[PDB]
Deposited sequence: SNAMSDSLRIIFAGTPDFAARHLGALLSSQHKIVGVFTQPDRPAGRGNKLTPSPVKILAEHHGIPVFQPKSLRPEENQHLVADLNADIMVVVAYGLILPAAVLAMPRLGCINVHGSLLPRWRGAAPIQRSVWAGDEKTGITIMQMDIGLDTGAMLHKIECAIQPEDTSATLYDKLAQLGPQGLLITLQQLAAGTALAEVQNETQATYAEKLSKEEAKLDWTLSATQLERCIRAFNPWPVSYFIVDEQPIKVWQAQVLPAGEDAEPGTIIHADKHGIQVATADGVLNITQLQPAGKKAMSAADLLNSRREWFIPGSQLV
């Protein structure tokens, strides 16, 4: 039996959003206009490039709050607005306009990881599963009712980069399914449970410094979560050394956090609060990322056992 076609305004900025606009362009839905952030140092956003390529009208208001930028929305005559990593706020007046409202594709399984960095934070906290949630947008920050969710396992080697890639494929599927339910009137909205809510904070160069008072397993999560950016690091001999890969080894003899337990071709083993961090792939400033073997060959003195970082 026949599905239905909606007129849609799409609002998004980054690659994650462009992959959603791509699925929409391939669907039977009608994309009447695309909102995206103003060009920044000047570069057009991936969404803009994709929209222009397909000849869709692009709109780049600095703000949607001022009352007559709101006519941009009203004149497009849309059933719904789809919002993916747009980056500007939708005031109540705009949320109010589309016949079916505004929905958002969010990069976690809500209520968990509301906010700026849900993909990175889910890796960082060692969640077994993450996912995407299709949400009916409302006043608050990622507080809206949940229309649809799809799960994704976080694998042992998943970084923020590889998980981003998985969720960019999953999100468009969830969005398409949800659009069909909203067009047919079959959707079900689930209120978020506020006690399960957590916030996902942006990463910082400050936080990327390896903290030896955490457990080995937490640090290894950090190394994956902080890849591609900021990239976990530690300091030795007044030099920053980026850490790309590590492993988590069983607690041995007691030792003070930060102590080098062993250094060899195997890795560089560092004591933590709980268990041992074996650091297997490292990046000195100005050099290509290399094995422990490579770095120890050049700089053994940095890693003499019993020394503390």
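Missing from the model, relative to the deposited sequence, are the stretches 1-2, 44-49, 318.
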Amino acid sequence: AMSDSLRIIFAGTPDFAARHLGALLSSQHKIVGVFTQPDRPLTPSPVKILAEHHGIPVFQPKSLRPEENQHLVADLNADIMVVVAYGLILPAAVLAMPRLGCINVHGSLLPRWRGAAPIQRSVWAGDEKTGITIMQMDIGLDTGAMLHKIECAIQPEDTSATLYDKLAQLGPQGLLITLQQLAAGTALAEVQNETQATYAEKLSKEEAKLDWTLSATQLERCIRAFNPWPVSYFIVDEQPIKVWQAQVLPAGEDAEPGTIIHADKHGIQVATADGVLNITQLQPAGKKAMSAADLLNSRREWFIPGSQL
From here on, numbers count along this sequence of modelled residues.
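Remark: stretch with higher mean C-alpha B factor among 12-20 and 293-301 is 293-301. Between 64-72 and 257-265, it is 64-72 that carries the larger average Cα temperature factor according to the deposited entry. Residue-level inspection of the entry shows that, of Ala117, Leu210, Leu176, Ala85, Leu210 has the top Cα B-factor.
Of the candidates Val105, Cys152, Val231, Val94, the PDB record gives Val231 the highest C-alpha temperature factor. Per the PDB record, residue ranking by Cα B-factor puts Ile89 in the highest third of the chain. Residue-level temperature factors show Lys30 in the lowest third of its chain, judged at the C-alpha atom. Among the modelled residues of the chain, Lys205 sits in the highest third by CA temperature factor in this PDB entry. In the PDB entry, a CA B factor belonging to the middle third of its chain's modelled residues is recorded for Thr198. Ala145 sits in the lowest third of its chain by CA B factor, as recorded in the PDB entry.
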